[PDB]
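Asks: The following block contains the structure, expressed as structure tokens.
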Amino acid sequence: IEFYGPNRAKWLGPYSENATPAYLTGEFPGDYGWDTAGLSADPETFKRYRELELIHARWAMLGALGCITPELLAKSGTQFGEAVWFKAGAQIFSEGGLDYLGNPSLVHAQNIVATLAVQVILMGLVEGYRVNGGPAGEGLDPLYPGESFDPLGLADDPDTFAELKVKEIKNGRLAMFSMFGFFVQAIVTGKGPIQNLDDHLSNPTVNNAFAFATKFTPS
Amino acid sequence: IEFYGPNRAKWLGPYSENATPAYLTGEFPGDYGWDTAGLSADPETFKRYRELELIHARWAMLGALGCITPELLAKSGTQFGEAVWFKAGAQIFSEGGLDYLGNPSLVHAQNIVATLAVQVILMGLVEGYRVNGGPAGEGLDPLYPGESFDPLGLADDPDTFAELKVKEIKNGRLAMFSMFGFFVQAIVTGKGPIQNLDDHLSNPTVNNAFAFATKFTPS
Amino acid sequence: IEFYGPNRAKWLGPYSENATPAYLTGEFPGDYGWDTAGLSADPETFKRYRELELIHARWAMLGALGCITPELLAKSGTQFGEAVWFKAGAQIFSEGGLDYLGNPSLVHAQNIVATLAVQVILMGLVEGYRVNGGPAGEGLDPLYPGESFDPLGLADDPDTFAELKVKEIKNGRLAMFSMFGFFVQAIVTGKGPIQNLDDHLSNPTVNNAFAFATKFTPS
Ligand code: CHL
Ligand code: CHL
Ligand code: CLA
Ligand code: CLA
Ligand code: CLA
Ligand SMILES: CC(=C/C=C/C(C)=C/C=C/C=C(C)/C=C/C=C(\C)C=C=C1C(C)(C)C[C@H](O)C[C@@]1(C)O)/C=C/[C@@]12O[C@]1(C)C[C@@H](O)CC2(C)C
Ligand SMILES: CC1=C[C@H](O)CC(C)(C)[C@H]1/C=C/C(C)=C/C=C/C(C)=C/C=C/C=C(C)/C=C/C=C(C)/C=C/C1=C(C)C[C@H](O)CC1(C)C
Ligand SMILES: CC1=C[C@H](O)CC(C)(C)[C@H]1/C=C/C(C)=C/C=C/C(C)=C/C=C/C=C(C)/C=C/C=C(C)/C=C/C1=C(C)C[C@H](O)CC1(C)C
Ligand SMILES: CC1=C[C@H](O)CC(C)(C)[C@H]1/C=C/C(C)=C/C=C/C(C)=C/C=C/C=C(C)/C=C/C=C(C)/C=C/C1=C(C)C[C@H](O)CC1(C)C
């Protein structure tokens, strides 16, 4: 319970090998000291890796929640068409464009190339202004700004804020691994991941993983 | 990102010809140094042009939003009759006067000459009191007053206020150019501009502009 | 028109953001300052990237001309069999080995493992002697030697030689991007790229790209 210090929860716990690599000793969230290959020895490259991992973690968390929500919403009391995240990308082609919420009173996007061009414009703008700053105050911090992106004001107390940093990083790692699980389930079985959840909760041991283990057999 | 200074985003960027005309060097929003004819060499006439351009920009922005909103509102979930801005001016003549929102429980203006006379009276009053001041404090500034027209109080911090000035001017220029586009679409094809939007999004390249290029052919 | 200097044609030209990364300011061809990720901050690794990009550029230019020539030659007045670069690699297996120019009086390579072994021997020799030098004078420059590889003598005048450097790098970048296009056309449509050229020149807009956009649809 001492991540910011030498007594952090190390990568093997009581198999910790307390001779840790000296280029990271606490002082940054998520430092669990698991460097078996050591691709981040250089400090500026290490900083790039911190920024890159933060970006990956936030994007992956957003995608993971986006993979949990719509299927459950369409399973509970709404209808989307194909709420499973495979053909949600092809819902614009099928019959009447991509109707949001499965309702012909919402977005109803007919042409995907318009989404394409506007998306490129907006994403270029937001990513450029993410790197170099811009609106809502010029960006002075590349890792965590501290400017008007926290309209509630939770970043006053420092140690709870650092605990929030560590929770953010751990949640992002879990989100990245879980989205890898989503992608592998997309490959192997190619069905709904929450359909997978229901089917495994209905079938705990008879259809576990290895009925789907003789599919990609070369011959 | 330095509009208020010699390092403003000039009219050609890195084709800037940094020998700019010396009668404008920053210190005013929208100064992009593009004076190829030079019709504003005199300083008082230049001030007139700043005031005139501000008036044109605000009026054109109002008109542009007025050209985007009603068609979308009548396309989504309401009905107006002719929501396209052509015969919206003739909606008072058709059958039952100009019913607002397409509802016979709202304005229901029967005689257009009454709108005419009251509009002249009100417009004369508001423009005279715009020039020379009057209510809500006497007008001491012709460009931006600073009196009780900003009930929220966003004009405290000066540099963000200047950035707001520049955004206002750029939005006004875009609005003027876009309303010119609206007028040219009114002339050439004479159909709904958002109907144009939907048709070009449905037809990106087969009906682009030059099917409507052999209409005004003299003979 | 000033690549060797601060006034180079930067990556956005008129959106240049003249605060360029300081680890490259001219003095080398192809320096267009477009470092959004920054994977070449280290100077020796940057040198490796210059050498590597030169090798890639020359190899890709050779491959690109090798992808333009034979199809056109077999389309104009000669015959090769499959002049399209797909089965040109399998022309040794088909009936009578790989006959050069489509003529049974030229190379007529029967066994591909002989080409294989001789190719490995020759390529190991030339690549080793490329790295460490050797014949025709020992290699003293890893980037551009200056020894007897320019039997015409165009490297006397320095500024024209530097312009040749920049042309070489730009041609190489274009060749790499174009060969990527060749590979993507090999994947998606799997037909002749110059057959693609003729078909798009015959069909400019009816078969553009998105008839070939519903092929790799998962289900
Ligand atoms: C449109 C312009 C645009 C521009 C200029 C940038 C620019 C940038 N982005 Mg951004 N992005 C843009 C659009 C978008 N980005 C993202 C998502 C991200 C993420 C998630 C991240 C960035 C990052 C970055 C930075 C460097 C990334 C890089 O080197 O890419 C090179 C990479 C590729 C060309 C593709 C790499 C694919 C990857 C290997 C996936 C491999 C998949 C797995 C192996 C598993 C696959 C399936 C499963 C089942 C096994 C750079 C500033 C990174 C960053 O800021 O780090 C500090 C970062 O982490 N961008 C999305 C969402 C789709 C965009 C949509 O338009
Ligand atoms: C036979 C022995 C042989 C030896 C010892 C070398 C040795 C060397 N070569 Mg050479 N080569 C040899 C044969 C050949 N080379 C080349 C072509 C090249 C090129 C083009 C380059 C070198 C380079 C190098 C140097 C380091 C490259 C490396 O790290 O590879 C690791 C790489 C791989 C194992 C394969 C990488 C594949 C790559 C990722 C392709 C990805 C494809 C795209 C994503 C797109 C694909 C399809 C499209 C449609 C999307 C190294 C001195 C590089 C250099 O000198 O840089 C300064 C360099 O740029 N070699 C060819 C032509 C096929 C050879 C044929 O025999
Ligand atoms: C691309 C995503 C990515 C990136 C850049 C990083 C980056 C980093 N991680 Mg990290 N991590 C990730 C995903 C990622 N992580 C995921 C998904 C998990 C959960 C499994 C973890 C769990 C983890 C732990 C437990 C620790 C780190 C640590 C680190 C730091 C040092 C290690 C390093 O140099 O990594 C460089 C990484 C790369 C260059 C990415 C290479 C990716 C290629 C494609 C190979 C991946 C193949 C993979 C092994 C096959 C199975 C995939 C499956 C497991 C998902 C560095 C900031 C250590 C640290 O000190 O934290 C700050 C540490 O203790 N990570
Ligand atoms: C009538 C509207 C109007 C007026 C009075 C001004 C006034 C001004 N603009 Mg301006 N501008 C406008 C509309 C207008 N603008 C629009 C719509 C755009 C976008 C295309 C711009 C883009 C623009 C830039 C990029 C710059 C200016 C600048 C200036 C200032 C110096 C130039 C000058 O003396 O203009 C005098 C203008 C007139 C006397 C108007 C004459 C109008 C007649 C009918 C001719 C128009 C015909 C037209 C060319 C045909 C195509 C129309 C189509 C492009 C819409 C001055 C304050 C410069 C500056 O320093 O900013 C402060 C500068 O750098 N403007
Ligand atoms: C592998 C090929 C390769 C390599 C090693 C380089 C290397 C370099 N380029 Mg470069 N470039 C290339 C291909 C390549 N280029 C191509 C094909 C284009 C045309 C699109 C360009 C256009 C370009 C510009 C405009 C600029 C550079 C610059 C640079 C330098 C700094 C950037 C850097 O660190 O790159 C490191 C690169 C790599 C480590 C390669 C990673 C490759 C992986 C597979 C990711 C690629 C995925 C790709 C984005 C997906 C779409 C591919 C499609 C666009 C082809 C460096 C010497 C900058 C400079 O200063 O020039 C000297 C600069 O301004 N390049
Ligand atoms: C109206 C008109 C305009 C011409 C436009 C041109 C010439 C565009 C070419 C435009 C071509 C241009 C600009 C190319 C210019 C090349 C340059 C600058 C070279 C360069 C570079 C860079 C950037 C690498 C930078 C490097 O560091 C230095 C340097 C020097 O290497 C033509 C009309 C006619 O063609 C018709 C219509 C019908 C005919 O019958 C009659 C006529 C009159 C001839
Ligand atoms: C550390 C280390 C160390 C040692 O030394 C070495 C090694 C081992 C190599 C290393 C490792 C590495 C790794 C593992 C990595 C991984 C990563 C990942 C997983 C990522 C993900 C990542 C991921 C991510 C980002 C994701 C993202 C996502 C997204 C956006 C999504 C989207 C979406 C959504 C919403 C929904 C819809 O409907 C669809 C989609 C489209 C689906
Ligand atoms: C700068 C310069 C420089 C150089 O040197 C020379 C030159 C070139 C000459 C110059 C230029 C100029 C120009 C271009 C100008 C333009 C302008 C414009 C466009 C305006 C508009 C302008 C415009 C405007 C105001 C507008 C306004 C509008 C409005 C009110 C509207 C109204 C409406 C609405 C609401 C709706 C309904 O249903 C109808 C209507 C009725 C429709
Ligand atoms: C710069 C940067 C920056 C930022 O920061 C980040 C990023 C974006 C990542 C980066 C980028 C990168 C990139 C893009 C790369 C690319 C590359 C390429 C494309 C290469 C090619 C490359 C390519 C190449 C070499 C090629 C080569 C080729 C060859 C040999 C060929 C051969 C051949 C021939 C003759 C013909 C026959 O019949 C067949 C064949 C076999 C076909």
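Cβ atoms come from the backbone with ideal geometry, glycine included; neighbour counts cover every protein chain shown. The numbers here are math on the coordinates, done by the rules we state, and not lab data.
Asks: With charges only on Cβ, +1 for K and R and -1 for D and E, what is the dipole size of the protein assembly as shown about its Cα centre, in debye, rounded to 20?
Replies: Roughly 2080 debye, rounded to the nearest 20.
Asks: About the Cα centre, and with charges only on the beta carbon of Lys, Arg (+1) and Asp, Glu (-1), how big is the dipole of chain B? Nearest 20 debye, please. Walk me through the numbers before you get to the answer.
Replies: Values: 15 positive and 25 negative charges, 166 e Å.
It comes to approximately 800 debye.
Asks: Next up: Using only alpha-carbon positions, what ratio does the radius of gyration of chain B give when scaled by 2.2 N^0.38 Å?
Replies: Here the Cα radius of gyration is 1.29 times the empirical estimate.
Asks: Can you give the Rg and Dmax of the protein assembly as shown based on its C-alpha atoms, in angstrom?
Replies: 33.7, 101
Asks: Alpha carbon centre of region C:188-202 versus region B:140-185: separation in Å?
Replies: After rounding, the separation between the Cα centres reads 52 Å.
Asks: Then there is this: Shortest first and in nm to one decimal, what separations exist between B:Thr45 and its copies in the other chains, measuring from label points 7 Å along the Cα-to-beta-carbon line?
Replies: Distances to the matching label points in the other copies: 6.1, 6.4 nm.
Asks: Decide, for region A:107-169, between rounded, prolate and oblate: order the square roots of the alpha carbon gyration tensor eigenvalues as a ≥ b ≥ c, take rounded if a/c falls under 1.5, and otherwise choose prolate if a/b is larger than b/c, else oblate.
Replies: prolate
Asks: Using a label point 7 Å beyond Cα on the Cα-Cβ vector, give me the inter-copy distances for B:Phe86 in nanometres, one decimal, shortest first.
Replies: For B:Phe86, the inter-copy label distances come out at 4.8, 5.2 nm.
Asks: In what order do A:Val107, A:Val184, B:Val84 fall by count of nearby beta-carbon atoms within 10 Å, going from fewest to most?
Replies: Going from sparsest to densest Cβ surroundings: A:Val184, A:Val107, B:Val84.
Asks: Positive end of the dipole of the protein assembly as shown, charges at C-beta (+1 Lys, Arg; -1 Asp, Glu), about the Cα centre: which of A:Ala209, B:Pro142, C:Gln110 has its Cα farthest in that direction?
Replies: C:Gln110
Asks: Just to confirm my numbers, what's the Cα centroid distance between region A:32-68 and region B:31-65 in Å?
Replies: Taking the Cα centre of each part, region A:32-68 and region B:31-65 sit 50 Å apart.
Asks: Quick one: with label points 7 Å out along Cα→Cβ, list the inter-copy distances for C:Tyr15 in nm, shortest first?
Replies: Spacings between copies for this position, smallest first, are 1.7, 5.2 nm.
Asks: Something else about it: With an 8 Å Cα cut-off and a minimum separation of 6 or more residues, compute the relative contact order for chain C in percent.
Replies: 18 percent
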